[PDB]
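K.L.:
To start, I am sharing the structure in question, which I have written as structure tokens.
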Amino acid sequence: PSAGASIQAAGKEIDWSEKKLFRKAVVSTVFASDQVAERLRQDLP
Amino acid sequence: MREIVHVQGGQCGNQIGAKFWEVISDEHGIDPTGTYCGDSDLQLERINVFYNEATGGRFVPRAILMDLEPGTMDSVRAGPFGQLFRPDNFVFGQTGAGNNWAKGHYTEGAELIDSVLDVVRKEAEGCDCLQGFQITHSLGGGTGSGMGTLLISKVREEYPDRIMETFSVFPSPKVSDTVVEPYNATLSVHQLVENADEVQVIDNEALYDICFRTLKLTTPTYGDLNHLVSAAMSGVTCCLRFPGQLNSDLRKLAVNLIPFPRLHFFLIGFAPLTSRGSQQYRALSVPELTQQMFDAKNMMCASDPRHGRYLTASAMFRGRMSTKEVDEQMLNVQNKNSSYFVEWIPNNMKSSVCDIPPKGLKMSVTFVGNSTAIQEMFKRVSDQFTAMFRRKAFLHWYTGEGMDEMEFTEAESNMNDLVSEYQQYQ
Amino acid sequence: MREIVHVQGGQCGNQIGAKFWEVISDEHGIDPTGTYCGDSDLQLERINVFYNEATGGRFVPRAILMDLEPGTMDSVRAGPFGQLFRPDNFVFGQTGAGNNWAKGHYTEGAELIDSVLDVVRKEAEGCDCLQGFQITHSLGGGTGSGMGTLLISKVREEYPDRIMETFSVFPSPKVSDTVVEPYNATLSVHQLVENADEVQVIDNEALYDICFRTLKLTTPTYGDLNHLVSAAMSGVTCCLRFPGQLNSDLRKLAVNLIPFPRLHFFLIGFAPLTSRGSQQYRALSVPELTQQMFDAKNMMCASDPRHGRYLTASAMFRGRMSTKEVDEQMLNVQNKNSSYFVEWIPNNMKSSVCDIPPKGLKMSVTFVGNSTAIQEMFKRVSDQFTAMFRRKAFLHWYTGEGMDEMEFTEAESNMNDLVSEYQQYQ
Amino acid sequence: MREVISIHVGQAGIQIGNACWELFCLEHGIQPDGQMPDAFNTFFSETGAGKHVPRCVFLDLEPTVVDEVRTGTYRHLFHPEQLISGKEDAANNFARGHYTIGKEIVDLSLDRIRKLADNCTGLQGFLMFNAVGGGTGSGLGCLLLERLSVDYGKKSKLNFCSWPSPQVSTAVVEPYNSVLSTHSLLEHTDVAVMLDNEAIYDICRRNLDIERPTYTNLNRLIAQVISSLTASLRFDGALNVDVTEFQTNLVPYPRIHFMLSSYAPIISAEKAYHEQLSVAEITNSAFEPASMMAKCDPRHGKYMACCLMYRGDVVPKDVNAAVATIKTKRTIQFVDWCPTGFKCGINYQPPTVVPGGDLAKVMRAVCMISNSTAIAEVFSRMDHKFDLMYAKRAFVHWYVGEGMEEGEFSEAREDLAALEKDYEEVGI
Amino acid sequence: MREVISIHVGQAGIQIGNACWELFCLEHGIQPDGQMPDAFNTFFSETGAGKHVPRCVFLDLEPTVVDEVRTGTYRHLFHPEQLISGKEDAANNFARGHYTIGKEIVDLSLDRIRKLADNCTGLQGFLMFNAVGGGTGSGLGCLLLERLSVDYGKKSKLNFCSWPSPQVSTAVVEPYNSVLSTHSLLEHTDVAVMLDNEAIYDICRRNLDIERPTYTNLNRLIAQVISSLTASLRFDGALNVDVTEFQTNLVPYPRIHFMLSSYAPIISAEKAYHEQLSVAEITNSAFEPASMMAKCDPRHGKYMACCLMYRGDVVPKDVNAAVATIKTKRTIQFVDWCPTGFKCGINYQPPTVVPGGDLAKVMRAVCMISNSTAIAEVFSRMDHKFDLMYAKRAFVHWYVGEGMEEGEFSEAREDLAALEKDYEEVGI
Amino acid sequence: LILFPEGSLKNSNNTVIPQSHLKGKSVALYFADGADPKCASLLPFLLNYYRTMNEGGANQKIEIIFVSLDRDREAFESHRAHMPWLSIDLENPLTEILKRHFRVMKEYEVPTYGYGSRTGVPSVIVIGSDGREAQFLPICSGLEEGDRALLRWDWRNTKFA
Ligand SMILES: Nc1nc2c(ncn2[C@@H]2O[C@H](COP(=O)(O)OP(=O)(O)OP(=O)(O)O)[C@@H](O)[C@H]2O)c(=O)[nH]1
Ligand SMILES: Nc1nc2c(ncn2[C@@H]2O[C@H](COP(=O)(O)OP(=O)(O)OP(=O)(O)O)[C@@H](O)[C@H]2O)c(=O)[nH]1
Ligand SMILES: Nc1nc2c(ncn2[C@@H]2O[C@H](COP(=O)(O)OP(=O)(O)O)[C@@H](O)[C@H]2O)c(=O)[nH]1
Ligand SMILES: Nc1nc2c(ncn2[C@@H]2O[C@H](COP(=O)(O)OP(=O)(O)O)[C@@H](O)[C@H]2O)c(=O)[nH]1
Ligand SMILES: [Mg+2]
Ligand SMILES: [Mg+2]
């Protein structure tokens, strides 16, 4: 019985933390405005 | 005081809603941490129109972001100005509304409408009195035409005394995104005409033509369309939040611009718009802003207003300006091309001035009109609908969720006699 | 001047009063050893209502830990805040009930009931004049529903004027844990209905959906339910410990909640309940706490109040507040709900501002209401009872330890007699 | 504190106990010399300087299976006086074990059982590990259990039987002595958990990937079964199940108490890391028809009560979710007098693994023990088997020789004929 | 969250799965063991400490390709018992895959996909990959979709067939196999795109200059197609679509659900350098009447619906303007009643190239899933290939002597002919 | 303690590695004979298994050390040129000490070392830190299942720590 270093099978560390209603989302250039944001701002470079 | 509940729905609805809070927060000095960096009383003297203080100096918005699919909630929250809303108001489904009106209005939206209605009555019954709701759904697709219009019937019968404005995005059949657009459009007109009082039709062909021909941008994206729409969105409710000489709430737009209670689909266009070069050559004054808003390559509907007539109109002038030039310029347009302005209404339009201009600008106009050229919108989608319904095209889904053959014939009828009610006032 | 004698029954009772004696002890500033370690002189005023002072400066709780399994109090005495109790009132059995109602109320509980009634009356007879007793009995099991309810019968005759307020945990069928929970529950009801004063019913099912749909946590333990009930245990006894602007004790909750002398069973809520994400975005003032109080999801019973009338109530607000936002929101919800409110009573609401909130919290409230909508949770158990008992299933071990068959058919004869009684006031 | 005196009879019971007492030693770490290099007081009795001695009485009328464990590795753990042995084997014969060769050993076995039942406070049950397939297991098992009925009347007396499996049968007289032992299993036993060889044959090939296991590999599975059953008594955890409430949630009528069993995470370590053993996965693998360790399709007969022994790191709420998963499934049927049909227990320490065995590490396991009406055709298949040899009375002269008045076969015929007749009488 | 079980049946279905579960592994970052050095939720259930496993079953009634994956590189990416095999295959016969050898494999496969569907309720649909030109692919694939309808029914069942080619068939009995399996292909699947082999040979003969391609190259182009339909099913994107949004927007009538597929650009290193990839350029090469991947000229028919999956560095107005130029060309016709026949979906993630493969590192790609009346041609070649052999009952004694009887061959004829009259009555 | 001294452990192309180059890996000895039909049948399976394990991953997971039970040095090198993993020279008495420690002999038993149980040829056996046995892969044993008992390996729970 000296073999006590037998690591657990199936990586089951059940989620003690709260759930995540939000998953990662890459910020997209297509839904980011730019362009007309500075055209409706009278920038005058 | 008077609060405007914002009832974003669908992928198009939440994306234009996020940019709407991106153009209202920068006017109100709001950081996306709820704080206020600014030095004017004028930004918080009426902060209760769109923002609610929650016990920590944070002005969380009144926005009820919904859909039936778990994707575009994540894009908004992780996006810019995203960590400003309330996650309880991020009410969503888990399945996918696959451009199907039947399972957005009748079956799948039925088990989510009760939870969304709880959220909207949460932030609407606790106030002094609400001025009115504000939906920004899209009238093409599954949950925009579905879940978006389903609540419109439910909260109309719950509050049948208040203004209900809808920045609906009509489908573009010239070049489109789906095939079942005619079904998702005709089955949403007949309940947007009986349970709504200010529709604001927005086409994507206009959003693409006027960003490229007027603004002279080679490739401006979806968020660029969102900022163009949301610029008009802020300019309709400018007078509610910011003070002005001739103020105008949403009900003031309705009382002056609705000839008959069924004729309430409105054109809308924001009309200072110069290109990258012409920002230093154009002259910002009231006559030049007046000429732009009647010019058809400023219009955000892509139904040409000079093919029809003008029952009535309006222009929310926004900025410091002299008020004679507000109203003497409007008979310059009413007397020059009087072939459009109809004869059974003298001085067809409603002017208004809110003193605070939008950010960066000095003077802006938000032209809203009721022209009988939107009957061309209901004409080209009628062409799409009668070609498909005559051959029972794409039907087994819709008859699959229980809704049957009969209500197409009054969906066509409610749109056809709406065209006939625009023929006999031009 | 007032004293409460607390007895914990069953493995549920000795683990829900294990956390109750944690939450009320740091509310009075008590070390695990027993010394006073607090920040306010407003902790050491009514220590007498839950504690007895010992030699040396060490307060000992008035807690009789009552069970027949010895292993439960071994874990309590080894866990935190369990060595605070006096060892001589750890009245432990060794045989233990087999989740039988006969095991405790007729055999192998009756020899030990003299051991528990002697230690109960030792704490009880030493008093100025006590309010009464609180018992955390656990309908569905064998010891809390068994010998714990015989404590309810055999304390009522020695103290017939002192209150018999009692917290209960009924067995919900989808969170069922023992097949004979129908037999244990309905045998524990028909004795509790004639010997009790205030039965605060709690369900494990509705403890799950308040932590899954409001506290926003998926499967992270069972002790989350114990702490949520333990806030409600101390929220009702706010005036017996701390001063209040308006005062109400449990005898106040007797006259203003029980209309007729068989209307005992009450519904319990607690509603400053905020999730992790909505912590920054939620206003913790009085209007947002009176709406979650009456939110049917927040109630700790799966016995939906919208499916029934609503006789009386008591609003136990706990935090420094103005009384003139307590009570207009009582009449606001009473006018705006209307039909879900009994009609032969003008005001169905009670209010009592307690001046000192629990630590962390600025402001709290605990619902104690008497609604007819506990009829469906009772009738749900009665459907279970008529399942096995119609053919006499699982019955040869309730008749082998004493009992005849007559007390089973009497347990249902006064069961449906009560649910009909709750029903016809609707 | 608590203790459960184990009584093993027959070579199957002895070899099963060689794996069960193997595994109890390594759960709470106890070396074969008794020494450890309050939880041990469920199967061990501390006496002296760390000399933990088991609570068992070995029994066999032949000196071959228990002399061999005297010379093995447990000469010192198993203290050498309760390893009761005889000389003449009962030879697959009920009339030998229940009669002439066997009264000499009941007297000494009852002595050491009485010494083991009156040396620790509040004994809690008797786990018998018998073998109804032969001689000493069935014959001495029946006589001994009939004496415990009067010596301890109020007493819980769980059994663990190896019933003759349908196609596998290593002795031809198994159908006789199986029916002859129903008299000892119908009115003298509280819990009758049913095991047989060929179902634990199949449970190891398709799940543990051993195509040639042995009775060691079988008895490791049985040792896992009773370890989960007695894990709540020995150890601590939320919502414990005692032996006192074990039969209270499984035995509806005093005569129908024949249960079954299924384990769940029986996977070798290769295809155990490749599956996430969730609560819903292991409970549906438990209710799988092929996971019963009896030839019993649990679909020709409706369930009556279940006892799902979860153990390890399991939360008490997703157990309710997975139970609700089973309830809504139409392939797992229930009968109409049980809107609730589950009593579940939960331990906290993980299901142990034997170093050198066929199992892996999991901190979860469902040892569900269920009392269904589908146990009836296990007995009724033996009814047709018994009648085919009794018609012209072969293998009978031995029984009639050492006892067995002709008519005990007839009363055991009608005893087991009344047994399954109760079963379809209950479920309608 | 969202997930699809990818059933891989037959021998060609396994060989497609060998290519798809290499491109998907490179796309998600999964090692051949399973660890990584939350988009991995539609394909890879997290069964470990970073150790993923595909939600797929490898199914072939012949053991030789199943064991070859079991001894290959991805022998630990896959759970060992997900790879279900038999011993005798079906050899080129519908009724062997459907009846005799199919008893003993459907019970364990449908059990396994039940244990792959219980990990989440939010399953989008099932995929099934087969070759309807031979024994196991058509034979077991028919019986699989039969029983899949009596289990989860509203759940979508897609299909990526490997239909016989005009002159390429590499079998002699294949018109009997293909025609007689159309019944499962017409009443039990929802999306039924055709993919014959020598169209893909033509793709890597004109656009890749490979005069000597193998089956492993064809599977790579198929795997790139599967990656681009389910690119939206795991990632972000401007326009997001799931599997039910395909069917509602591409299938006009319930019987008309056989699709065609194209993918562009299929280009290599010597080509990609001298050419500018603009959205109009890729959609032009996708719409040309030779890039169709099952041998069906769209000029000999009328389009009914068209789904395009833009993927990578693509802006929406380059989609929205170049789709107009397609509509203006007279060589392509939409029939009468779909003058919005275009479902465009935009992703951000570029198509990942398998290193040392045959494709470039293109930043933008389109896959076509289109419906047309032109695919009366792909089923009418089976009309004179089946009926001309069937005139005097060729290759019939295998099928009738093995369970199926004569007459079911007749039933397949009006099943295909009712499909043929259906496509000609819709487009007029 | 030390199992393999400084000059004992040599891999392919004859470079000696010390004990330091072996942690983090699942280590087995492999007692095999050159002329033995069991070994000749088992060796391609061991080669393929070793190649798949130690090629498809982010770490070198398993590792095998050869020990010859053959007759001479030419038979050593003829066997040795076929395996790529570690090995011990036959003339080192370390092989004989491992033979006596792990009981893997070849029926020459009473002439020198007359104890009992035998565990014959071949034997791949996984080892640990202090040279203790961990688990036996049952090629020729009580399970006697050949050419697939290599799959009974447990690399995660047996590591040379
Ligand atoms: N599970 C299991 N069953 C066994 C084992 N050994 C024997 N059996 C079964 O026991 C049944 C017969 O009982 P035996 O143990 O062989 O003999 P007995 O009960 O001691 O009585 P005798 O016949 O007098 O030796 C057979 O059906 C065997 O299948 C074992 O090690 N494990
Ligand atoms: N695309 C593709 N098609 C293949 C491949 N291998 C075989 N096919 C096609 O499959 C058809 C023959 O069926 P197979 O897939 O070989 O085998 P089967 O129909 O599943 O029946 P079995 O051989 O018994 O398993 C022929 O039309 C082949 O052209 C492949 O690797 N890729
Ligand atoms: N103007 C604009 N249109 C959008 C946006 N997102 C999507 N759309 C349009 O919405 C149509 C597709 O509808 P969809 O979003 O799928 O409907 P849903 O079911 O409500 O999600 C397409 O024509 C898009 O052009 C946006 O951010 N702005
Ligand atoms: N809320 C709560 N419920 C519990 C707790 N412990 C057990 N329960 C449940 O309460 C029910 C009552 O059982 P109980 O009488 O206490 O068990 P017994 O002491 O063994 O007779 C059981 O079915 C448990 O599921 C706890 O700590 N808190
Ligand atoms: Mg034996
Ligand atoms: Mg083939």
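Residue numbering: from 1, along the chain as shown.
The header says electron microscopy, 3.3 Å.
Placement of Cβ uses the backbone N, Cα and C atoms for every residue, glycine included.
Okay, these came from Swiss-Prot:
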type     : residues                                                           : note
ACT_SITE : D:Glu245                                                           : active site
BINDING  : D:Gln11, D:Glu62, D:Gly135, D:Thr136, D:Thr170, D:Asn197, D:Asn219 : GTP binding site
BINDING  : D:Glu62                                                            : Mg(2+) binding site
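Describe the structural context of each listed feature in the structure shown, including burial, neighbouring residues and relevant distances.
P.N.:
DSSP gives D:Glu245 (active site) a helix state. In the shown protein chains, 24 other C-beta atoms lie within 10 A of the C-beta of D:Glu245 (active site).
Every protein chain considered, the tally of other Cβ atoms within 10 Å of the Cβ of D:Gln11 (GTP binding site) stands at 22.
Under the DSSP three-state reduction, D:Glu62 (GTP binding site) is assigned to coil, being neither helix nor strand.
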K.L.:
Need one number for the GTP-binding residues D:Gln11, D:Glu62, D:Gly135, D:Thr136, D:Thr170, D:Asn197, D:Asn219: the maximum pairwise CA distance in Å, whole number please.
P.N.:
22
K.L.:
Could you round the CA separation between D:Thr170 (GTP binding site) and D:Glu245 (active site) to a whole angstrom and send it over?
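P.N.:
Counting only the Cα atoms, the answer is 36 Å.
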K.L.:
May I ask which of the recorded positions D:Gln11, D:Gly135, D:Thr136, D:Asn197, D:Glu245 have a CB within less than 6 Å of any atom of ligand 1, listed in sequence order?
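P.N.:
Near the molecule: D:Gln11, D:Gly135, D:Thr136, D:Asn197.
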K.L.:
Taking CB atoms only, which of the binding-site residues D:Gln11, D:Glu62, D:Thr136, D:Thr170, D:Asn197 fall under 8 A from chain C?
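P.N.:
Nothing passes the 8 Å Cβ test.
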K.L.:
Could you measure between D:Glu245 (active site) and D:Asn219 (GTP binding site) for me? Cα positions, answer in whole angstrom.
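P.N.:
Pair distance, Cα basis, whole Å: 26 Å.
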K.L.:
List every residue in the same chain as D:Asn219 (GTP binding site), at least 6 positions away in sequence, whose Cβ is under 8 Å from its Cβ.
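P.N.:
Residues satisfying the criterion: D:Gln15, D:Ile16, D:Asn18, D:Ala19, D:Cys20.
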K.L.:
Relative to the Cβ of D:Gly135 (GTP binding site), which residues of the same chain, six or more apart in sequence, are found under 8 Å away?
P.N.:
D:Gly10, D:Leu61, D:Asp89, D:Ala90, D:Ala91, D:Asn92, D:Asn93, D:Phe94, D:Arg96, D:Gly97, D:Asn177
K.L.:
Of these binding-site residues, D:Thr136, D:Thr170, D:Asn197, which scores lowest on Cβ atoms within 10 Å?
P.N.:
D:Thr170
K.L.:
Note down the number of other Cβ atoms within 10 Å of the Cβ of D:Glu62 (GTP binding site), including every protein chain shown.
P.N.:
19
K.L.:
So if I take the binding-site residues (D:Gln11, D:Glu62, D:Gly135, D:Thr136, D:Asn197, D:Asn219) and measure from each Cβ to the nearest atom of ligand 5, which come out below 6 Å?
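P.N.:
Passing the 6 Å Cβ check against ligand 5: D:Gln11.
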